[PDB]
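Scroll down for the structure; my scribbles are underneath it.
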Amino acid sequence: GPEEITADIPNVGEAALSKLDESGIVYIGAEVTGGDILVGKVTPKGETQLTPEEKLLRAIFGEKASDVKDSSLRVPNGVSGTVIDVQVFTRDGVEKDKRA
Amino acid sequence: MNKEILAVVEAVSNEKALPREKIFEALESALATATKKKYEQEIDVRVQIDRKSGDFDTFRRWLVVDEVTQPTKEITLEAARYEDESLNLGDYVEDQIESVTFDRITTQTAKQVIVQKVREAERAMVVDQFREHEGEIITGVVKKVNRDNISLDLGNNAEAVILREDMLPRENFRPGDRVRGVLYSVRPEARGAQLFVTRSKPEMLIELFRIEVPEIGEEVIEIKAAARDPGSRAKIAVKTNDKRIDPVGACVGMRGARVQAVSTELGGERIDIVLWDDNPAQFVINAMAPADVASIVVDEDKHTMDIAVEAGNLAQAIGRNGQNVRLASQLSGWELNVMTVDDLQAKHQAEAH
Amino acid sequence: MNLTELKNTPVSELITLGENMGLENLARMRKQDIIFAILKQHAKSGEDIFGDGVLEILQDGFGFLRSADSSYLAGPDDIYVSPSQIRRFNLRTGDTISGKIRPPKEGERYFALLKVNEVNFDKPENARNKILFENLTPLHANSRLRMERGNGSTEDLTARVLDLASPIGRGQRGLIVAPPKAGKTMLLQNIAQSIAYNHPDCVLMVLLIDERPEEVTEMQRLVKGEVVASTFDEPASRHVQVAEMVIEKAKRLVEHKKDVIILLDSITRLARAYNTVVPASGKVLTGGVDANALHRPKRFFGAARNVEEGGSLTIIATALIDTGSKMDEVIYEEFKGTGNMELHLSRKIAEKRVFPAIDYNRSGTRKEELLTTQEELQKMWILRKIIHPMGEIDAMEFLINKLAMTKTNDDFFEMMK
RNA sequence: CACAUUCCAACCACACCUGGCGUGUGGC
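This is the structure in structure tokens:
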């Protein structure tokens, strides 16, 4: 299965995810000073064919999303500042997110 | 978009345990809370997502009162000439339309409130479907034990709570056994556990007879009076409508065949099965049974009953904690007095003498 | 002490036994916890234990001997045995073993077997020399299992009618096709009572899968022998566990030249369970059912056969139809013709509230001349020809009246001549 | 008989990342 840039990051609270948008990208103008997940990158580790009904269920009910690996990119420990711009490039064929 | 709304209404697990109408009601509440959190001002809104024909459209409720605080949701009871109200109360407007229901905080609050609403609705439904059987013995496993209350499962996610007062002082539970009690209280508005099952109450006893004694249930041996001391002693006065049936041979059983069973059910409770009578004297004599009562004094002005027991049978008429009298005071409901032993042996032919 | 004598007694007996043992207030713990404490107290006086348990193996290598109190699940009373004993005495799942056991020693927490005494009620000599189940040769039934009691009471009808509707043989592959709330519970109660009265030699087995506890206790106090059950207090894990346990027990018995007759109810719930536990292989068909998920129920229905040299394994499973679940529909469809005996119950006759409610034209047995004699078969043919033109309710009332004036089937036979 | 272990209310164990090598540029 391919990777996802959704905002469903398990094994973490909302404070670390408060800076993320609905699509899964840090807002334009959201500051950051320490290691903080600014993009919701997840990758499947086991079985594919996660039904969308069960996907929304896990998003609302049930257990956490298993095959994520929490491989999201965060800013390195030591760099600070406020993000001012975000670019995104989608290959012809993949569903363009609403931020794009 | 609304296609996501259709996907989430058709992708629910409990599809009919939470109908589409209540689905969309909870979703409207979600969107209203989201729009409330959007603006810094407080303004109640309705959504009306148009379950099947179209999309949502937010509104603006006025909550018509003569106040002015946060006039976003304030309007006088007489503003009815312009904007076409012609109203007295209930004047609501449809000013703001097409809010956003798919951003981060909106999705978060929607998920939270949908979880809350679905768990509340499931609990309410699973308690109401059993509420019709109030006052009956039900089976079921206990779920978790604690020093204040215990949890029970009746099957198909049927949560029941049994408080410490419903449990006997030495009543004992472990998750796995089928502790059977009687449903006595229901509270479909409770934010938490609302299925109340008891075993320390005399109605439980009644239901026990109903599941054990074939006489009761046909109204041939009516259960009239019942007092309890949890795990200690249950005094029950049952009357016989007919004449050729004796409760000592019918309600008690065959040399402790039914009373012993109900006692093991109640965890070793001495059950005194006596006959109900329309005379207070015989009633209180059977209440303190077994004993040798040789006195009766009644007072309807103070509702008191004096019973001067015989000298020597104290432990036979009072016993531990005075239970034989206390339950008697809890059987008929009058102040019973057991003081004299030798002198004033009658309290009627001697006190009045 | 023996474990079975702690098995057959109710909870109050354990209470008074612990009070005899000078134990703390034990009314709070499980029955198995009480048994464990009592066995520890007994062995503290320098005593050995005698136990009996059905054996089960995981991939972990070692084995567990379960009792019927928890319907063969893990518990503080089950015995732990090393893989060395399984390798030596040629043990396998379902092999009930009875013998000397000890309480858990220093650092241990479950019982351990010392010396085997009875392997499936047999010495280890012939237990190690056991013929394999699948290596056997199936046959058909000539030994007719007479369902008639002969007393002719009010309910015995539902049994004797089978003597003219669906003959029963040892190792028969039977399946019931019936809607809910029709009378299957009392039907299997009747069949169990009748087979126990007429054939007490064959070990009785009844499968209560995904049922209510009231039915559990009513059937555990009415069957004329040891029974197993399983309610819905646990997920499909317990159901599949008890299914494997009972199937391996029956296999080991019939390998020991036993006559096992299992009564399963209901099989659609077993199919649902096997569907729920088995992960999706990436292909699903109509009904939300996986393709190869039904392989386990298939196998369970295929285990029925007739051994050549001796012994048999009869399986009589009930299926649920008319429930509205299309899933269930498809399930029954998979079970269209897998068995050679069909017992069809219809809700239309049961709505007229006469019992039993037999679908004579729809029910029957394949290759039935090998079960009964020639005159009985000719009379069955005559009865079938007489019952074919008429309907079902009138035919049922006719059969009920004819078997109500008479008691044994010979009277009805000669009356039909 | 004996060796050796024994699979589960919070949680301890199941953690976290590219100088392989080269080139280019710049600074001390």
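Protein chains in written order, with the entry's author numbering: chain X, 846 to 945; chain A, 1 to 353; chain f, 1 to 417.
Note that the Cβ used here is the ideal one computed from N, Cα and C, for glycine as well.
Beta-carbon gap between residue i and residue j smaller than 8 Å
i, j, result
"X/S917", "X/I882", "yes"
"f/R252", "f/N120", "yes"
"f/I131", "f/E255", "yes"
"f/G22", "f/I38", "no"
"f/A192", "f/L263", "yes"
"A/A291", "A/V309", "yes"
"f/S71", "f/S230", "yes"
"A/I271", "A/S263", "yes"
"X/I850", "X/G885", "yes"
"f/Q172", "f/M380", "no"
"A/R178", "f/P213", "yes"
"f/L399", "f/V161", "yes"
"f/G63", "f/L3", "no"
"A/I221", "A/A261", "no"
is_contact[residue i, chain A] using C-beta, thresh 8 Å
i, result
"f/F232", "yes"
"f/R30", "yes"
"X/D942", "no"
"X/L883", "no"
"X/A910", "no"
"X/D853", "no"
"X/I870", "no"
"f/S82", "no"
"f/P76", "no"
Any chain X beta carbon closer than 8 Å to residue i
i, result
"A/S332", "no"
"A/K111", "yes"
"A/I5", "no"
"A/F56", "no"
"A/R104", "yes"
"A/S99", "no"
"A/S13", "yes"
"A/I271", "no"
"A/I114", "yes"
Exposure of residue i, with buried meaning 16 or more beta-carbon neighbours within 10 Å
i, result
"residue 433 of chain A", "No answer is possible for residue 433 of chain A: the residues shown for chain A start at 1 and end at 353."
"A/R170", "exposed"
"A/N321", "exposed"
"X/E848", "exposed"
"A/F59", "buried"
"f/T286", "exposed"
"f/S82", "exposed"
"f/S84", "exposed"
"f/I382", "exposed"
"f/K249", "buried"
"f/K224", "exposed"
"A/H133", "exposed"
"A/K235", "buried"
"f/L145", "buried"
Neighbour flag for residue i against chain f, beta carbons, 8 Å
i, result
"A/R174", "yes"
"A/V248", "no"
"A/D177", "yes"
>> Ignoring anything shorter than 3 residues, give me the beta strand (DSSP E) runs that lie fully in the region 3–66 of chain f, in order along the chain.
In response: 49–57 and 63–66
> Does the region 379–394 of chain f come close enough to the region 339–357 of chain f that 3 or more CB-CB pairs lie under 8 Å?
Replying inline: The region 339–357 of chain f is in contact with the region 379–394 of chain f.
> Does the region 301–308 of chain A touch the region 279–291 of chain A, meaning 3 or more C-beta pairs lie closer than 8 Å?
Replying inline: yes
>> If we require 4 or more residues per run, which alpha helix (DSSP H) segments fall completely within the region 253–288 of chain f?
In response: 267–277
> Whole beta strand (DSSP E) runs in the region 130–210 of chain f with 3 or more residues, listed along the chain?
Replying inline: 173–178
>> I'd like to know if the region 226–240 of chain A and the region 324–334 of chain A are in contact, where contact means that at least 3 CB-CB pairs between them fall below 8 Å.
In response: At 8 Å Cβ cutoff, the stretches touch.
>> Whether or not the region 138–150 of chain f and the region 300–317 of chain f are in contact is what I'm after, with contact meaning three or more pairs of Cβ atoms, one per stretch, closer than 8 Å; do they touch?
In response: yes
> Do the region 883–892 of chain X and the region 126–133 of chain A meet, that is, are 3 or more Cβ pairs less than 8 Å apart?
Replying inline: no
>> List, from N- to C-terminal side, the beta strand (DSSP E) runs of 3 residues or more that fit wholly inside the region 309–352 of chain f.
In response: 312–320 and 341–344
>> Give the list of continuous alpha helix (DSSP H) stretches no shorter than 4 residues that lie fully inside the region 203–254 of chain A.
In response: Runs of the alpha helix (DSSP H) inside the region 203–254 of chain A: 247–250.
>> Give the list of continuous alpha helix (DSSP H) stretches no shorter than 4 residues that lie fully inside the region 254–304 of chain A.
In response: 259–265 and 280–287
> Is the region 29–43 of chain f close to the region 198–216 of chain f, with three or more CB pairs under 8 Å?
Replying inline: no
>> Quick check: the region 34–44 of chain A against the region 75–86 of chain A, are at least 3 beta-carbon pairs closer than 8 Å?
In response: Fewer than three beta-carbon pairs drawn from the region 75–86 of chain A and the region 34–44 of chain A are found closer than 8 Å, and the two stretches are therefore not classed as touching.
>> For the pair the region 157–169 of chain f and the region 321–328 of chain f, tell me if three or more CB-CB distances fall below 8 Å.
In response: At 8 Å Cβ cutoff, the stretches do not touch.
> Is there contact between the region 5–15 of chain A and the region 86–93 of chain A, where contact requires at least three CB pairs shorter than 8 Å?
Replying inline: As far as the Cβ criterion goes, the region 5–15 of chain A does not touch the region 86–93 of chain A, which means the pair count is below three.
>> Please give the ranges of any alpha helix (DSSP H) in the region 101–137 of chain A, keeping only runs that are unbroken, at least 4 residues long and fully inside the region.
In response: 104–131
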